[PDB]
Amino acid sequence: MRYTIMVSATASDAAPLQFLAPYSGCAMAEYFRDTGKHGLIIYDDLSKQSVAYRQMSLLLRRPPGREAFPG
Amino acid sequence: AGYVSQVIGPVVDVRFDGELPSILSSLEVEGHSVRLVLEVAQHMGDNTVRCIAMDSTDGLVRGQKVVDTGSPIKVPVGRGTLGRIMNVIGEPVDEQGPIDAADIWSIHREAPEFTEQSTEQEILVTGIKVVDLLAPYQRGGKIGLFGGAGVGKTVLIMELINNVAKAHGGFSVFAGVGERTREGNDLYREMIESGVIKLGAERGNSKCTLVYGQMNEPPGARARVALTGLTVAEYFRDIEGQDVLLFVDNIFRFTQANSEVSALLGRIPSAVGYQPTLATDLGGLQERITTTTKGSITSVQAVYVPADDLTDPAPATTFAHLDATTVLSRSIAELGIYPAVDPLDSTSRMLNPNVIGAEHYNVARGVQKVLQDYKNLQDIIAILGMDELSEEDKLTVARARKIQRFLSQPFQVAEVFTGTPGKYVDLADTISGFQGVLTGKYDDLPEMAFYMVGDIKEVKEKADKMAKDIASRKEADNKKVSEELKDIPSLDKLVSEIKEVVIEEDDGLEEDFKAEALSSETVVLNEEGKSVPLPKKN
């Protein structure tokens, strides 16, 4: 933990908050990339992010594509 | 003159109180962190057009001013774009200044009309032996490239760029449609070292324009970046009058991006899930790649087959346009054969004797027969034995193995890191060189004499040198020198070899750091627009 950040958008969190957590974890990890150091980002279940984003899009009545996912 | 009405993801509706822009016109959003270009997709009614954005729409406000450019996306074309990297809307992303535009052309264009078409059908000579014999390239054709990683696809791309520029005098455009930026940077830097892209004052001696739409670009930007590659190649065809190569890197990602912009525009998806306009989204692009009376565009476009399913509608619609396939294989690549064109899997529509002639046709038809009969007996050799079968079946094995070697060729763009010079092999020298191996004028020569050579005048000059080599191995001798204390130290003497590595307990983690104080109060904007704390009760 002296080298690790943990961004945690768990199951009870809102689907907007699980959609934005890989992006907000990446921005925290992009700090080390942009200042010359090296980063290791792990998006554990990126397939669970896309399910959270499909939830927001079908509820915003955006037109669904394959497996009801957005364009 | 128009203002932003709706922002739904990458799809912007803007509203014009005057005259509407035409469909496919380009709109620029006034006042935004990046230059945002919208392309008009439809006229919705009630003075609204629906647009697909070429960049991110985050930070876009309803009522933002939107200027109609009066035209589609206009990109710089000409010789000044050679050796430059350009994005979909024509901006330089290679960080080398502005693009010297000979003209600025609309990227939307009808295909050349029926009278402008060439009724003739002829070979684009490539200087690659396995491509000019077994799967010839039609001038003005579309060629599917079934490569991958490590089969030498990029050095085959740069060799097509090299030989078409050197022999036929035509330039190349590389349209990278939805490419990874790590791989698009790899192609840029390998084109710089191999000489097909030059930087600086000798920029004009470059042979290839790179038109890049990366994966992180929105689906509208990737769907139009192959038409930006068309438009650069159409200037060389119609104004310069050249035989242009166009590389649409992954034509499947063109399909995939156009399928996303139909899904975002609310269109009902077709069979398996592509856009309803799949055959006219492809056919609009593929029909501008043709031969006119001025010059030609030949397209070598990489084909991905989804789920290894050739009957999927994205390859099946693509293969209706394709005039040749070049399949690059790993099995051919691990035999040291470069280029790794599979001599049996690679097909051409140009390979029939009414268009290449019967003396070319029977050579390629005979060469493929020899290689086919050799590779269906490879569960006869390993099961039974090599010297088991007949002498004629061994005559094919000796003839096929020095044909399978002779399809190799050293490349002129690869010589800066391989040492072996490049060999442009002419068409008549390819046919006449393979007549002889087919009949048996070279059955006495070794198989590795037929390896990485130009033509049959160089197979004799390789068997001469290797055969003599046995005359020049009695020059010196070969045994052991000073078993393991010649210059092999002790292991504890090698621990004191090791150089100083300074390890800091400090991380150096506050180099140039702002360290803003963030307060956990909720800050909102009141009705003046003034930043204020959030009011207390609902």
# chains A, B, ... in the order shown; residues from 1 in each chain; ligands from 1
>>> closest_atom_pairs(of="chain A", to="chain B", cutoff="9 Å", atoms="only C-alpha atoms", output="JSON lines")
{"residue": "A:32", "atom": "CA", "partner": "B:509", "partner_atom": "CA", "distance": 8.9}
{"residue": "A:35", "atom": "CA", "partner": "B:511", "partner_atom": "CA", "distance": 8.0}
{"residue": "A:37", "atom": "CA", "partner": "B:509", "partner_atom": "CA", "distance": 8.8}
{"residue": "A:62", "atom": "CA", "partner": "B:264", "partner_atom": "CA", "distance": 7.8}
{"residue": "A:63", "atom": "CA", "partner": "B:266", "partner_atom": "CA", "distance": 5.6}
{"residue": "A:64", "atom": "CA", "partner": "B:263", "partner_atom": "CA", "distance": 7.2}
{"residue": "A:65", "atom": "CA", "partner": "B:263", "partner_atom": "CA", "distance": 6.4}
{"residue": "A:66", "atom": "CA", "partner": "B:273", "partner_atom": "CA", "distance": 6.2}
{"residue": "A:70", "atom": "CA", "partner": "B:263", "partner_atom": "CA", "distance": 7.4}
{"residue": "A:71", "atom": "CA", "partner": "B:260", "partner_atom": "CA", "distance": 4.7}
>>> select_by_dssp(residues="segment 113-210 of chain B", states="alpha helix (DSSP H)", output="compact mmCIF listing (two decimals) with C-alpha atoms, in the first residue's frame")
# COMPACT_ATOMS: atom_id res chain seq x y z
CA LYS B 129 8.10 -12.78 -56.50
CA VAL B 130 5.38 -14.62 -54.60
CA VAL B 131 2.97 -11.72 -55.17
CA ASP B 132 3.74 -11.28 -58.86
CA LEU B 133 3.48 -14.97 -59.67
CA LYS B 153 3.38 -7.31 -42.45
CA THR B 154 4.87 -3.87 -41.79
CA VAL B 155 8.02 -4.64 -43.78
CA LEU B 156 5.73 -5.89 -46.54
CA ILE B 157 3.73 -2.63 -46.37
CA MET B 158 6.91 -0.59 -46.66
CA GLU B 159 8.18 -2.76 -49.50
CA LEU B 160 5.00 -2.20 -51.50
CA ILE B 161 5.41 1.53 -50.78
CA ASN B 162 9.02 1.29 -51.92
CA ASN B 163 8.59 -0.65 -55.14
CA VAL B 164 5.52 1.20 -56.39
CA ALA B 165 7.32 4.49 -55.83
CA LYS B 166 10.50 3.28 -57.48
CA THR B 181 -1.49 4.60 -31.10
CA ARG B 182 1.40 2.42 -29.99
CA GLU B 183 1.21 0.61 -33.32
CA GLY B 184 0.68 3.80 -35.30
CA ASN B 185 3.79 5.26 -33.73
CA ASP B 186 5.64 2.03 -34.50
CA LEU B 187 4.78 2.32 -38.19
CA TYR B 188 5.82 5.97 -38.24
CA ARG B 189 9.22 5.28 -36.72
CA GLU B 190 9.85 2.23 -38.88
CA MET B 191 9.01 4.23 -41.96
CA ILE B 192 11.52 6.86 -40.85
CA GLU B 193 14.37 4.40 -40.44
CA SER B 194 13.61 2.44 -43.61
>>> residues_around(residues="residue 37 of chain B", least_positions_apart="4", cutoff="8 Å", atoms="only C-alpha atoms", output="short mmCIF file (atom, residue, chain, number, x, y, z; two decimals) with N, CA, C and O atoms, in the first residue's frame")
data_model
loop_
_atom_site.label_atom_id
_atom_site.label_comp_id
_atom_site.auth_asym_id
_atom_site.auth_seq_id
_atom_site.Cartn_x
_atom_site.Cartn_y
_atom_site.Cartn_z
N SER B 26 -19.58 20.23 -43.16
CA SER B 26 -18.74 20.32 -41.99
C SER B 26 -19.12 21.55 -41.19
O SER B 26 -19.31 22.63 -41.75
N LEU B 27 -19.23 21.39 -39.89
CA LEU B 27 -19.59 22.47 -38.99
C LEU B 27 -18.51 22.59 -37.94
O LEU B 27 -18.04 21.58 -37.42
N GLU B 28 -18.13 23.81 -37.60
CA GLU B 28 -17.12 24.07 -36.59
C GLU B 28 -17.78 24.75 -35.40
O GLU B 28 -18.50 25.73 -35.57
N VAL B 29 -17.51 24.25 -34.21
CA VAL B 29 -18.12 24.78 -33.00
C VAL B 29 -17.26 25.93 -32.50
O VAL B 29 -16.07 25.75 -32.26
N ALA B 53 -19.81 14.03 -34.25
CA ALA B 53 -18.65 14.81 -33.91
C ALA B 53 -17.38 14.07 -34.26
O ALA B 53 -17.29 12.85 -34.14
N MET B 54 -16.37 14.82 -34.69
CA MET B 54 -15.07 14.25 -34.97
C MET B 54 -14.15 14.28 -33.77
O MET B 54 -13.06 13.72 -33.83
N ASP B 55 -14.56 14.91 -32.68
CA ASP B 55 -13.79 14.92 -31.45
C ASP B 55 -14.74 14.72 -30.28
O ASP B 55 -15.90 14.36 -30.46
N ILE B 89 -9.57 15.36 -39.98
CA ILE B 89 -9.99 16.68 -40.41
C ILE B 89 -8.85 17.46 -41.03
O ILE B 89 -9.01 18.65 -41.30
#
>>> closest_residue(among="B:484, B:410, B:471, B:334", to="residue 454 of chain B", atoms="only C-alpha atoms")
B:410
>>> atom_distance(atom1="atom CA of residue 449 of chain B", atom2="atom CA of residue 385 of chain B")
25.3 Å
>>> closest_residue(among="B:123, B:310, B:303, B:380", to="residue 146 of chain B", atoms="only C-alpha atoms")
B:303
>>> residues_around(residues="residue 50 of chain A", least_positions_apart="2", cutoff="12 Å", atoms="only C-alpha atoms", output="JSON, numbers by chain")
{"A": [15, 16, 17, 18, 19, 20, 21, 22, 43, 44, 45, 46, 47, 48, 52, 53, 54, 55, 56, 57, 67, 68, 69, 70, 71]}
>>> write_last_selection(atoms="N, CA, C and O atoms", output="mmCIF file, in the first residue's frame")
data_model
loop_
_atom_site.group_PDB
_atom_site.id
_atom_site.type_symbol
_atom_site.label_atom_id
_atom_site.label_comp_id
_atom_site.auth_asym_id
_atom_site.auth_seq_id
_atom_site.Cartn_x
_atom_site.Cartn_y
_atom_site.Cartn_z
ATOM 1 N N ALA A 15 -24.523 2.904 -10.696
ATOM 2 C CA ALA A 15 -23.932 2.638 -12.003
ATOM 3 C C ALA A 15 -23.167 3.798 -12.627
ATOM 4 O O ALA A 15 -22.210 3.520 -13.363
ATOM 5 N N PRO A 16 -23.496 5.080 -12.408
ATOM 6 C CA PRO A 16 -22.567 6.130 -12.834
ATOM 7 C C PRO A 16 -21.257 6.127 -12.117
ATOM 8 O O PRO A 16 -20.287 6.663 -12.642
ATOM 9 N N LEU A 17 -21.203 5.559 -10.932
ATOM 10 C CA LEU A 17 -20.007 5.625 -10.128
ATOM 11 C C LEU A 17 -19.073 4.471 -10.456
ATOM 12 O O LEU A 17 -17.862 4.587 -10.286
ATOM 13 N N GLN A 18 -19.618 3.356 -10.938
ATOM 14 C CA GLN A 18 -18.819 2.271 -11.483
ATOM 15 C C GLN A 18 -18.382 2.514 -12.907
ATOM 16 O O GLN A 18 -17.393 1.932 -13.343
ATOM 17 N N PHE A 19 -19.118 3.319 -13.648
ATOM 18 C CA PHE A 19 -18.677 3.719 -14.968
ATOM 19 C C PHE A 19 -17.487 4.660 -14.873
ATOM 20 O O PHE A 19 -16.537 4.541 -15.643
ATOM 21 N N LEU A 20 -17.496 5.571 -13.916
ATOM 22 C CA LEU A 20 -16.461 6.585 -13.829
ATOM 23 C C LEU A 20 -15.248 6.157 -13.040
ATOM 24 O O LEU A 20 -14.269 6.898 -13.016
ATOM 25 N N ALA A 21 -15.287 5.029 -12.376
ATOM 26 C CA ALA A 21 -14.161 4.631 -11.551
ATOM 27 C C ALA A 21 -12.930 4.185 -12.324
ATOM 28 O O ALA A 21 -11.830 4.475 -11.854
ATOM 29 N N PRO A 22 -13.022 3.463 -13.455
ATOM 30 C CA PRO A 22 -11.806 3.261 -14.241
ATOM 31 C C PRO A 22 -11.232 4.527 -14.802
ATOM 32 O O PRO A 22 -10.018 4.619 -14.966
ATOM 33 N N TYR A 43 -7.680 -2.489 -14.112
ATOM 34 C CA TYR A 43 -9.122 -2.301 -14.103
ATOM 35 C C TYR A 43 -9.756 -3.652 -13.886
ATOM 36 O O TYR A 43 -10.099 -4.340 -14.834
ATOM 37 N N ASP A 44 -9.913 -4.046 -12.636
ATOM 38 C CA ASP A 44 -10.416 -5.378 -12.356
ATOM 39 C C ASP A 44 -11.908 -5.430 -12.605
ATOM 40 O O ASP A 44 -12.682 -4.735 -11.943
ATOM 41 N N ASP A 45 -12.287 -6.317 -13.527
ATOM 42 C CA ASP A 45 -13.591 -6.389 -14.166
ATOM 43 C C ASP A 45 -13.914 -5.059 -14.843
ATOM 44 O O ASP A 45 -14.664 -4.230 -14.354
ATOM 45 N N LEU A 46 -13.234 -4.866 -15.970
ATOM 46 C CA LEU A 46 -13.654 -3.903 -16.977
ATOM 47 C C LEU A 46 -14.945 -4.324 -17.662
ATOM 48 O O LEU A 46 -15.612 -3.494 -18.276
ATOM 49 N N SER A 47 -15.303 -5.596 -17.587
ATOM 50 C CA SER A 47 -16.589 -6.069 -18.055
ATOM 51 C C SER A 47 -17.723 -5.714 -17.115
ATOM 52 O O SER A 47 -18.880 -5.745 -17.531
ATOM 53 N N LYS A 48 -17.429 -5.400 -15.866
ATOM 54 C CA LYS A 48 -18.433 -4.888 -14.957
ATOM 55 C C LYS A 48 -18.620 -3.395 -15.085
ATOM 56 O O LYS A 48 -19.642 -2.874 -14.651
ATOM 57 N N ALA A 52 -22.298 -1.462 -16.155
ATOM 58 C CA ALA A 52 -22.756 -0.260 -15.481
ATOM 59 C C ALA A 52 -23.015 0.859 -16.466
ATOM 60 O O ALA A 52 -23.898 1.683 -16.253
ATOM 61 N N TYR A 53 -22.263 0.898 -17.552
ATOM 62 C CA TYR A 53 -22.485 1.915 -18.564
ATOM 63 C C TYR A 53 -23.674 1.569 -19.445
ATOM 64 O O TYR A 53 -24.354 2.465 -19.952
ATOM 65 N N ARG A 54 -23.938 0.280 -19.653
ATOM 66 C CA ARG A 54 -25.134 -0.125 -20.375
ATOM 67 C C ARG A 54 -26.381 0.188 -19.573
ATOM 68 O O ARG A 54 -27.434 0.477 -20.138
ATOM 69 N N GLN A 55 -26.270 0.171 -18.251
ATOM 70 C CA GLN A 55 -27.395 0.540 -17.413
ATOM 71 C C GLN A 55 -27.747 2.006 -17.572
ATOM 72 O O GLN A 55 -28.919 2.356 -17.686
ATOM 73 N N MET A 56 -26.746 2.877 -17.614
ATOM 74 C CA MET A 56 -27.012 4.299 -17.761
ATOM 75 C C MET A 56 -27.561 4.625 -19.130
ATOM 76 O O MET A 56 -28.341 5.558 -19.277
ATOM 77 N N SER A 57 -27.142 3.891 -20.149
ATOM 78 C CA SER A 57 -27.516 4.256 -21.504
ATOM 79 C C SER A 57 -28.910 3.802 -21.853
ATOM 80 O O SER A 57 -29.613 4.498 -22.579
ATOM 81 N N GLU A 67 -26.290 -6.930 -27.682
ATOM 82 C CA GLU A 67 -26.469 -7.255 -26.260
ATOM 83 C C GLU A 67 -26.891 -6.043 -25.447
ATOM 84 O O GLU A 67 -26.523 -5.920 -24.284
ATOM 85 N N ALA A 68 -27.672 -5.170 -26.084
ATOM 86 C CA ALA A 68 -28.219 -3.916 -25.573
ATOM 87 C C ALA A 68 -27.157 -2.902 -25.205
ATOM 88 O O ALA A 68 -27.451 -1.920 -24.545
ATOM 89 N N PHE A 69 -25.972 -3.073 -25.660
ATOM 90 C CA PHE A 69 -24.925 -2.124 -25.383
ATOM 91 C C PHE A 69 -25.077 -0.904 -26.281
ATOM 92 O O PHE A 69 -25.702 -0.982 -27.335
ATOM 93 N N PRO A 70 -24.557 0.241 -25.872
ATOM 94 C CA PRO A 70 -24.619 1.417 -26.738
ATOM 95 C C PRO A 70 -23.783 1.309 -27.995
ATOM 96 O O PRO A 70 -23.080 0.324 -28.216
ATOM 97 N N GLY A 71 -23.855 2.332 -28.836
ATOM 98 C CA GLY A 71 -22.926 2.411 -29.940
ATOM 99 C C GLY A 71 -21.524 2.731 -29.471
ATOM 100 O O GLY A 71 -20.551 2.156 -29.959
#
>>> residues_around(residues="residue 368 of chain B", least_positions_apart="6", cutoff="12 Å", atoms="only C-alpha atoms", output="number ranges by chain")
B: 130, 133-135, 342-347, 351, 361-362, 374-375, 396, 399-400, 403-404, 407, 434, 438
>>> write_last_selection(atoms="C-alpha atoms", output="tab-separated table (two decimals), in the first residue's frame")
chain	number	residue	atom	x	y	z
B	130	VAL	CA	5.38	-14.62	-54.60
B	133	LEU	CA	3.48	-14.97	-59.67
B	134	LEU	CA	0.93	-16.74	-57.51
B	135	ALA	CA	-1.45	-13.91	-56.56
B	342	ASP	CA	1.29	-18.43	-48.12
B	343	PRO	CA	1.70	-19.65	-51.71
B	344	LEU	CA	-1.48	-21.73	-51.70
B	345	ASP	CA	-3.85	-19.66	-49.55
B	346	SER	CA	-3.17	-16.43	-51.43
B	347	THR	CA	-5.68	-15.97	-54.23
B	351	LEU	CA	-4.93	-15.23	-61.96
B	361	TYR	CA	-0.78	-18.62	-65.96
B	362	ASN	CA	0.58	-22.16	-66.41
B	374	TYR	CA	4.21	-31.76	-51.43
B	375	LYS	CA	2.13	-30.62	-48.49
B	396	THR	CA	8.45	-33.18	-56.27
B	399	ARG	CA	11.37	-29.45	-56.60
B	400	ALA	CA	8.87	-28.00	-54.13
B	403	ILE	CA	10.34	-23.52	-54.98
B	404	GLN	CA	9.26	-22.90	-51.40
B	407	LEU	CA	9.54	-17.56	-53.05
B	434	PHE	CA	10.01	-20.45	-62.23
B	438	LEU	CA	9.25	-26.48	-62.70
>>> residues_around(residues="residue 456 of chain B", least_positions_apart="4", cutoff="10 Å", atoms="only C-alpha atoms", output="mmCIF file with C-alpha atoms, in the first residue's frame")
data_model
loop_
_atom_site.group_PDB
_atom_site.id
_atom_site.type_symbol
_atom_site.label_atom_id
_atom_site.label_comp_id
_atom_site.auth_asym_id
_atom_site.auth_seq_id
_atom_site.Cartn_x
_atom_site.Cartn_y
_atom_site.Cartn_z
ATOM 1 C CA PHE B 406 12.688 -19.452 -54.050
ATOM 2 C CA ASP B 429 12.339 -12.756 -64.693
ATOM 3 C CA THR B 430 9.870 -14.274 -62.220
ATOM 4 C CA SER B 432 11.190 -17.502 -66.603
ATOM 5 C CA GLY B 433 12.864 -18.184 -63.290
ATOM 6 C CA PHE B 434 10.007 -20.445 -62.234
ATOM 7 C CA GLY B 436 13.079 -23.618 -64.967
ATOM 8 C CA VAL B 437 12.506 -24.934 -61.467
ATOM 9 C CA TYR B 442 18.092 -26.591 -61.553
ATOM 10 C CA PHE B 450 17.362 -20.709 -53.828
ATOM 11 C CA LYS B 460 23.623 -19.984 -59.915
ATOM 12 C CA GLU B 461 25.777 -17.281 -58.310
ATOM 13 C CA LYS B 462 24.843 -18.635 -54.872
#
>>> residues_around(residues="residue 30 of chain A", least_positions_apart="5", cutoff="10 Å", atoms="only C-alpha atoms", output="list in words")
residues 24, 25, 35, 37, 38, 39, 40 and 41 of chain A
>>> select_by_dssp(residues="segment 258-345 of chain B", states="strand (DSSP E)", output="ChimeraX atom specification")
/B:296-302,324-326
>>> atom_distance(atom1="atom CA of residue 237 of chain B", atom2="atom CA of residue 291 of chain B")
8.6 Å
>>> atom_distance(atom1="atom CA of residue 97 of chain B", atom2="atom CA of residue 210 of chain B")
15.2 Å
>>> decode(residues="segment 42-70 of chain A", atoms="N, CA and C atoms", output="mmCIF file, in the first residue's frame")
data_model
loop_
_atom_site.group_PDB
_atom_site.id
_atom_site.type_symbol
_atom_site.label_atom_id
_atom_site.label_comp_id
_atom_site.auth_asym_id
_atom_site.auth_seq_id
_atom_site.Cartn_x
_atom_site.Cartn_y
_atom_site.Cartn_z
ATOM 1 N N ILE A 42 -4.760 -1.285 -13.025
ATOM 2 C CA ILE A 42 -5.461 -2.549 -13.178
ATOM 3 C C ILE A 42 -6.934 -2.258 -13.048
ATOM 4 N N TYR A 43 -7.680 -2.489 -14.112
ATOM 5 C CA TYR A 43 -9.122 -2.301 -14.103
ATOM 6 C C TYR A 43 -9.756 -3.652 -13.886
ATOM 7 N N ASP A 44 -9.913 -4.046 -12.636
ATOM 8 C CA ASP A 44 -10.416 -5.378 -12.356
ATOM 9 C C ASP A 44 -11.908 -5.430 -12.605
ATOM 10 N N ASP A 45 -12.287 -6.317 -13.527
ATOM 11 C CA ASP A 45 -13.591 -6.389 -14.166
ATOM 12 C C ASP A 45 -13.914 -5.059 -14.843
ATOM 13 N N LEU A 46 -13.234 -4.866 -15.970
ATOM 14 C CA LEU A 46 -13.654 -3.903 -16.977
ATOM 15 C C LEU A 46 -14.945 -4.324 -17.662
ATOM 16 N N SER A 47 -15.303 -5.596 -17.587
ATOM 17 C CA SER A 47 -16.589 -6.069 -18.055
ATOM 18 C C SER A 47 -17.723 -5.714 -17.115
ATOM 19 N N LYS A 48 -17.429 -5.400 -15.866
ATOM 20 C CA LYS A 48 -18.433 -4.888 -14.957
ATOM 21 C C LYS A 48 -18.620 -3.395 -15.085
ATOM 22 N N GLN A 49 -17.641 -2.691 -15.636
ATOM 23 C CA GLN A 49 -17.834 -1.288 -15.957
ATOM 24 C C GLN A 49 -18.804 -1.119 -17.102
ATOM 25 N N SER A 50 -18.668 -1.945 -18.130
ATOM 26 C CA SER A 50 -19.501 -1.856 -19.317
ATOM 27 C C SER A 50 -20.944 -2.223 -19.025
ATOM 28 N N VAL A 51 -21.169 -3.088 -18.044
ATOM 29 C CA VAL A 51 -22.519 -3.397 -17.608
ATOM 30 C C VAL A 51 -23.120 -2.200 -16.890
ATOM 31 N N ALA A 52 -22.298 -1.462 -16.155
ATOM 32 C CA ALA A 52 -22.756 -0.260 -15.481
ATOM 33 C C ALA A 52 -23.015 0.859 -16.466
ATOM 34 N N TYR A 53 -22.263 0.898 -17.552
ATOM 35 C CA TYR A 53 -22.485 1.915 -18.564
ATOM 36 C C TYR A 53 -23.674 1.569 -19.445
ATOM 37 N N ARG A 54 -23.938 0.280 -19.653
ATOM 38 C CA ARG A 54 -25.134 -0.125 -20.375
ATOM 39 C C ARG A 54 -26.381 0.188 -19.573
ATOM 40 N N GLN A 55 -26.270 0.171 -18.251
ATOM 41 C CA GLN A 55 -27.395 0.540 -17.413
ATOM 42 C C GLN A 55 -27.747 2.006 -17.572
ATOM 43 N N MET A 56 -26.746 2.877 -17.614
ATOM 44 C CA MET A 56 -27.012 4.299 -17.761
ATOM 45 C C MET A 56 -27.561 4.625 -19.130
ATOM 46 N N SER A 57 -27.142 3.891 -20.149
ATOM 47 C CA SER A 57 -27.516 4.256 -21.504
ATOM 48 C C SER A 57 -28.910 3.802 -21.853
ATOM 49 N N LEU A 58 -29.313 2.627 -21.387
ATOM 50 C CA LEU A 58 -30.674 2.185 -21.617
ATOM 51 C C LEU A 58 -31.649 2.997 -20.801
ATOM 52 N N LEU A 59 -31.209 3.517 -19.666
ATOM 53 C CA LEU A 59 -32.069 4.355 -18.857
ATOM 54 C C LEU A 59 -32.128 5.787 -19.349
ATOM 55 N N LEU A 60 -31.120 6.240 -20.073
ATOM 56 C CA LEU A 60 -31.153 7.513 -20.762
ATOM 57 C C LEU A 60 -31.774 7.398 -22.136
ATOM 58 N N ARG A 61 -32.331 6.228 -22.461
ATOM 59 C CA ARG A 61 -33.044 5.932 -23.702
ATOM 60 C C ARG A 61 -32.169 6.139 -24.925
ATOM 61 N N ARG A 62 -30.909 5.908 -24.776
ATOM 62 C CA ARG A 62 -30.006 5.876 -25.899
ATOM 63 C C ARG A 62 -30.208 4.577 -26.659
ATOM 64 N N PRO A 63 -30.069 4.600 -27.982
ATOM 65 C CA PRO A 63 -30.458 3.448 -28.787
ATOM 66 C C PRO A 63 -29.495 2.291 -28.613
ATOM 67 N N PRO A 64 -30.004 1.113 -28.290
ATOM 68 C CA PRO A 64 -29.127 -0.004 -27.961
ATOM 69 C C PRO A 64 -28.680 -0.779 -29.185
ATOM 70 N N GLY A 65 -27.499 -1.362 -29.070
ATOM 71 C CA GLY A 65 -26.981 -2.206 -30.114
ATOM 72 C C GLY A 65 -26.873 -3.624 -29.625
ATOM 73 N N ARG A 66 -25.760 -4.279 -29.913
ATOM 74 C CA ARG A 66 -25.633 -5.705 -29.664
ATOM 75 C C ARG A 66 -25.485 -5.987 -28.178
ATOM 76 N N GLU A 67 -26.290 -6.930 -27.682
ATOM 77 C CA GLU A 67 -26.469 -7.255 -26.260
ATOM 78 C C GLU A 67 -26.891 -6.043 -25.447
ATOM 79 N N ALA A 68 -27.672 -5.170 -26.084
ATOM 80 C CA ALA A 68 -28.219 -3.916 -25.573
ATOM 81 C C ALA A 68 -27.157 -2.902 -25.205
ATOM 82 N N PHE A 69 -25.972 -3.073 -25.660
ATOM 83 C CA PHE A 69 -24.925 -2.124 -25.383
ATOM 84 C C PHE A 69 -25.077 -0.904 -26.281
ATOM 85 N N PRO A 70 -24.557 0.241 -25.872
ATOM 86 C CA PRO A 70 -24.619 1.417 -26.738
ATOM 87 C C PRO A 70 -23.783 1.309 -27.995
#
